[PDB]
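Chemist: Below you'll find entry-v8.tsv; it's TSV, N, CA and C atoms.
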chain	number	residue	atom	x	y	z
D	175	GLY	N	17.56	-142.03	50.33
D	175	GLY	CA	16.44	-141.73	51.26
D	175	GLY	C	16.92	-140.81	52.38
D	176	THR	N	18.06	-141.13	52.93
D	176	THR	CA	18.60	-140.29	54.03
D	176	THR	C	17.59	-140.16	55.16
D	177	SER	N	16.67	-141.08	55.21
D	177	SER	CA	15.63	-141.04	56.28
D	177	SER	C	15.29	-142.45	56.74
D	178	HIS	N	14.20	-142.97	56.25
D	178	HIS	CA	13.79	-144.34	56.65
D	178	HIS	C	13.12	-145.06	55.49
D	179	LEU	N	12.39	-144.33	54.69
D	179	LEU	CA	11.71	-144.98	53.54
D	179	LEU	C	12.75	-145.75	52.72
D	180	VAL	N	12.30	-146.47	51.75
D	180	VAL	CA	13.25	-147.24	50.90
D	180	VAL	C	12.85	-147.18	49.42
D	181	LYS	N	11.69	-146.62	49.18
D	181	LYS	CA	11.19	-146.50	47.79
D	181	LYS	C	11.18	-147.87	47.10
D	182	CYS	N	10.14	-148.10	46.37
D	182	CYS	CA	10.00	-149.38	45.64
D	182	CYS	C	11.15	-149.58	44.65
D	183	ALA	N	10.82	-150.06	43.48
D	183	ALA	CA	11.88	-150.28	42.46
D	183	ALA	C	11.29	-150.38	41.06
D	184	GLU	N	12.10	-150.83	40.15
D	184	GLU	CA	11.63	-150.97	38.75
D	184	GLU	C	10.77	-152.23	38.62
D	185	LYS	N	10.86	-153.08	39.61
D	185	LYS	CA	10.07	-154.34	39.59
D	185	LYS	C	8.91	-154.25	40.58
D	186	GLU	N	8.73	-153.07	41.13
D	186	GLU	CA	7.62	-152.88	42.11
D	186	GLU	C	6.86	-151.59	41.84
D	187	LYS	N	7.29	-150.83	40.86
D	187	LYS	CA	6.57	-149.56	40.57
D	187	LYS	C	5.21	-149.85	39.97
D	188	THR	N	4.73	-151.05	40.15
D	188	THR	CA	3.42	-151.37	39.57
D	188	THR	C	2.29	-150.54	40.16
D	189	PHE	N	2.41	-150.13	41.39
D	189	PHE	CA	1.32	-149.32	41.96
D	189	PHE	C	1.02	-148.20	40.99
D	190	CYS	N	2.03	-147.87	40.24
D	190	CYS	CA	1.91	-146.79	39.24
D	190	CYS	C	2.43	-147.32	37.91
D	191	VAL	N	2.65	-146.44	36.98
D	191	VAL	CA	3.15	-146.88	35.66
D	191	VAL	C	4.67	-146.72	35.56
D	192	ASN	N	5.08	-145.76	34.80
D	192	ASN	CA	6.53	-145.51	34.62
D	192	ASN	C	7.18	-144.79	35.81
D	193	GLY	N	8.09	-143.89	35.48
D	193	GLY	CA	8.83	-143.09	36.50
D	193	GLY	C	8.17	-143.15	37.86
D	194	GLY	N	7.47	-142.12	38.18
D	194	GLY	CA	6.79	-142.09	39.50
D	194	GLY	C	7.80	-142.45	40.60
D	195	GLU	N	7.37	-142.34	41.82
D	195	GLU	CA	8.28	-142.66	42.95
D	195	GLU	C	7.48	-143.41	43.97
D	196	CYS	N	7.30	-144.65	43.65
D	196	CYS	CA	6.54	-145.56	44.51
D	196	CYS	C	7.22	-145.69	45.87
D	197	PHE	N	6.42	-145.77	46.92
D	197	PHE	CA	7.03	-145.89	48.28
D	197	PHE	C	6.42	-146.93	49.20
D	198	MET	N	7.30	-147.54	49.96
D	198	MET	CA	6.88	-148.58	50.93
D	198	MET	C	7.75	-148.45	52.16
D	199	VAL	N	7.14	-148.58	53.31
D	199	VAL	CA	7.91	-148.45	54.57
D	199	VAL	C	8.14	-149.78	55.28
D	200	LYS	N	9.07	-149.74	56.20
D	200	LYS	CA	9.41	-150.96	56.99
D	200	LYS	C	9.14	-150.77	58.48
D	201	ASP	N	8.06	-151.34	58.95
D	201	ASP	CA	7.72	-151.20	60.39
D	201	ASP	C	7.54	-149.74	60.81
D	202	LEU	N	6.42	-149.46	61.44
D	202	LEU	CA	6.14	-148.07	61.90
D	202	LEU	C	4.77	-148.03	62.59
D	203	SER	N	3.76	-148.34	61.83
D	203	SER	CA	2.37	-148.34	62.38
D	203	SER	C	1.41	-148.93	61.35
D	204	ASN	N	1.71	-148.65	60.11
D	204	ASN	CA	0.86	-149.15	59.00
D	204	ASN	C	1.62	-149.03	57.68
D	205	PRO	N	2.79	-149.64	57.66
D	205	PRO	CA	3.66	-149.63	56.48
D	205	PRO	C	2.99	-150.20	55.23
D	206	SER	N	3.77	-150.30	54.20
D	206	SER	CA	3.25	-150.83	52.91
D	206	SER	C	2.40	-149.82	52.16
D	207	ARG	N	2.55	-148.58	52.51
D	207	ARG	CA	1.76	-147.53	51.81
D	207	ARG	C	2.31	-147.31	50.41
D	208	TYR	N	1.78	-148.01	49.45
D	208	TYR	CA	2.29	-147.82	48.06
D	208	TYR	C	1.75	-146.53	47.44
D	209	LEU	N	2.60	-145.55	47.37
D	209	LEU	CA	2.19	-144.24	46.78
D	209	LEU	C	3.30	-143.78	45.86
D	210	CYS	N	2.93	-143.27	44.72
D	210	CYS	CA	3.96	-142.79	43.75
D	210	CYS	C	3.93	-141.29	43.47
D	211	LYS	N	5.10	-140.70	43.54
D	211	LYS	CA	5.22	-139.25	43.28
D	211	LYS	C	5.42	-139.03	41.79
D	212	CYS	N	4.49	-138.40	41.15
D	212	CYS	CA	4.70	-138.19	39.71
D	212	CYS	C	5.76	-137.14	39.50
D	213	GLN	N	6.89	-137.65	39.13
D	213	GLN	CA	8.08	-136.83	38.87
D	213	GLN	C	7.87	-135.80	37.77
D	214	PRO	N	8.63	-134.71	37.83
D	214	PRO	CA	8.52	-133.65	36.82
D	214	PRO	C	8.48	-134.25	35.42
D	215	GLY	N	7.30	-134.33	34.88
D	215	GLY	CA	7.14	-134.91	33.52
D	215	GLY	C	5.96	-135.88	33.52
D	216	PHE	N	5.26	-135.94	34.63
D	216	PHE	CA	4.09	-136.85	34.73
D	216	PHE	C	2.91	-136.20	35.46
D	217	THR	N	1.74	-136.73	35.19
D	217	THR	CA	0.50	-136.20	35.83
D	217	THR	C	-0.65	-137.18	35.62
D	218	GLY	N	-1.84	-136.66	35.66
D	218	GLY	CA	-3.03	-137.53	35.46
D	218	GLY	C	-3.46	-138.26	36.74
D	219	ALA	N	-2.60	-139.07	37.28
D	219	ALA	CA	-2.99	-139.80	38.51
D	219	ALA	C	-1.83	-140.56	39.10
D	220	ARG	N	-1.41	-141.50	38.35
D	220	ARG	CA	-0.29	-142.34	38.77
D	220	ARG	C	0.84	-142.20	37.79
D	221	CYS	N	0.75	-141.11	37.06
D	221	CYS	CA	1.77	-140.78	36.03
D	221	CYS	C	1.53	-141.52	34.74
D	222	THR	N	0.29	-141.74	34.45
D	222	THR	CA	-0.02	-142.46	33.21
D	222	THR	C	-0.23	-141.50	32.04
D	223	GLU	N	0.11	-140.25	32.23
D	223	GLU	CA	-0.06	-139.27	31.14
D	223	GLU	C	1.12	-138.30	31.11
D	224	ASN	N	2.04	-138.54	30.21
D	224	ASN	CA	3.22	-137.64	30.12
D	224	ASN	C	2.76	-136.20	29.88
D	225	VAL	N	2.44	-135.52	30.96
D	225	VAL	CA	1.97	-134.10	30.89
D	225	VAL	C	2.19	-133.42	29.53
D	226	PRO	N	1.25	-133.61	28.62
D	226	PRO	CA	1.34	-133.02	27.28
D	226	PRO	C	0.96	-131.53	27.35
D	227	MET	N	1.59	-130.84	28.27
D	227	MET	CA	1.32	-129.38	28.44
D	227	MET	C	1.01	-128.69	27.11
D	228	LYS	N	-0.24	-128.34	26.94
D	228	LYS	CA	-0.65	-127.66	25.68
D	228	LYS	C	-1.67	-126.56	25.99
D	229	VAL	N	-1.29	-125.67	26.88
D	229	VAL	CA	-2.22	-124.57	27.24
D	229	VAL	C	-1.45	-123.29	27.59
D	230	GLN	N	-2.17	-122.24	27.83
D	230	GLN	CA	-1.52	-120.95	28.18
D	230	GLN	C	-0.37	-121.18	29.17
D	231	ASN	N	0.64	-120.34	29.08
D	231	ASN	CA	1.80	-120.49	30.00
D	231	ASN	C	2.20	-119.14	30.60
D	232	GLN	N	2.45	-118.18	29.75
D	232	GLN	CA	2.85	-116.84	30.26
D	232	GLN	C	1.63	-115.93	30.42
D	233	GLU	N	0.79	-116.26	31.37
D	233	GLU	CA	-0.43	-115.44	31.62
D	233	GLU	C	-1.25	-115.24	30.35
D	234	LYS	N	-2.42	-115.78	30.35
D	234	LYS	CA	-3.29	-115.64	29.15
D	234	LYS	C	-4.58	-116.43	29.33
D	235	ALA	N	-5.34	-116.56	28.27
D	235	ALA	CA	-6.60	-117.32	28.38
D	235	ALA	C	-6.32	-118.79	28.69
D	236	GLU	N	-7.29	-119.63	28.49
D	236	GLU	CA	-7.09	-121.07	28.78
D	236	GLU	C	-7.91	-121.94	27.82
D	237	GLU	N	-7.67	-123.22	27.84
D	237	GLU	CA	-8.45	-124.11	26.93
D	237	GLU	C	-8.53	-125.54	27.47
D	238	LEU	N	-7.40	-126.15	27.67
D	238	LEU	CA	-7.39	-127.55	28.18
D	238	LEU	C	-8.13	-127.67	29.52
D	239	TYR	N	-7.74	-128.65	30.30
D	239	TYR	CA	-8.40	-128.86	31.62
D	239	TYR	C	-8.72	-127.55	32.32
D	240	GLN	N	-7.82	-126.61	32.26
D	240	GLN	CA	-8.08	-125.31	32.92
D	240	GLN	C	-9.14	-124.52	32.17
D	241	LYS	N	-10.28	-124.35	32.79
D	241	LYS	CA	-11.38	-123.60	32.12
D	241	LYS	C	-11.19	-122.09	32.29
Show this structure as structure tokens.
Modeler:
Amino acid sequence: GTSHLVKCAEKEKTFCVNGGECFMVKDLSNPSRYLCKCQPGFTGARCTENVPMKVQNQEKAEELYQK
């Protein structure tokens, strides 16, 4: 952390699914903010969808979510 946060764990990442980077603080003003960072390889919301990247990449048309 090198700061103050402490990040949840493998037994507390429930706010989200897998990987993600769940976070909880200790004393401040309104700690307990469970939020997860979807690490490179996750998306959707709480990382419940292993970014199945299947659309244009090197400049081109589109199809998936991107209209």
Chemist: Mind giving me the straight-line distance from atom C of residue 192 of chain D to atom C of residue 215 of chain D in Å, one decimal?
Modeler: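 Value for the atom C of residue 192 of chain D-atom C of residue 215 of chain D distance: 9.3 Å.
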Chemist: Please report the interatomic distance between atom CA of residue 209 of chain D and atom N of residue 197 of chain D in Å with one decimal.
Modeler: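 Rounded to one decimal, the two atoms are 4.5 Å apart.
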Chemist: For residue 181 of chain D, list every protein, DNA or RNA residue within 7 Å, evaluated using all atoms listed in the file, and leave out those in the same chain fewer than 4 positions away; present the list as number ranges by chain.
Modeler: D: 195-199
Chemist: Return the single residue from D:175, D:236, D:230, D:190 that is closest to residue 213 of chain D, with distances computed using only C-alpha atoms.
Modeler: D:190
Chemist: Compare D:205, D:187, D:176, D:194 by their minimum atom-to-atom distance to residue 221 of chain D, counting only N, CA and C atoms, and give me the closest one.
Modeler: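 Residue with the minimum atom-to-atom distance to residue 221 of chain D: D:194.
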Chemist: Name the residues of chain D that come out as strand (DSSP E or B) in a backbone DSSP run; write them as an MDAnalysis selection string.
Modeler: chainID D and resid 196:197 209:210 217 223
Chemist: Please indicate the distance in Å from atom N of residue 218 of chain D to atom CA of residue 188 of chain D, rounded to one decimal place.
Modeler: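 Taking atom N of residue 218 of chain D and atom CA of residue 188 of chain D, their separation equals 16.1 Å.
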Chemist: Can you work out which one of D:227, D:186, D:178, D:233 has the shortest atom-to-atom distance to residue 210 of chain D, counting only C-alpha atoms?
Modeler: D:186
Chemist: Output, as lines of an AutoDock Vina configuration file, the centre and edge lengths in Å (one decimal) of the axis-aligned box that contains all listed atoms of segment 208-217 of chain D with 5 Å of margin on each side.
Modeler:
center_x = 4.0
center_y = -140.8
center_z = 41.5
size_x = 19.3
size_y = 24.4
size_z = 25.9
Chemist: Out of D:193, D:240, D:182, D:234, which residue has the shortest atom-to-atom distance to residue 206 of chain D when counting only C-alpha atoms?
Modeler: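 Comparing D:193, D:240, D:182, D:234 against residue 206 of chain D, the winner is D:182.
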Chemist: Using only N, CA and C atoms, which of the listed residues (D:238, D:232, D:207, D:189) sits closest to residue 220 of chain D?
Modeler: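 When distances to residue 220 of chain D are compared using only N, CA and C atoms, the smallest one comes from D:189.
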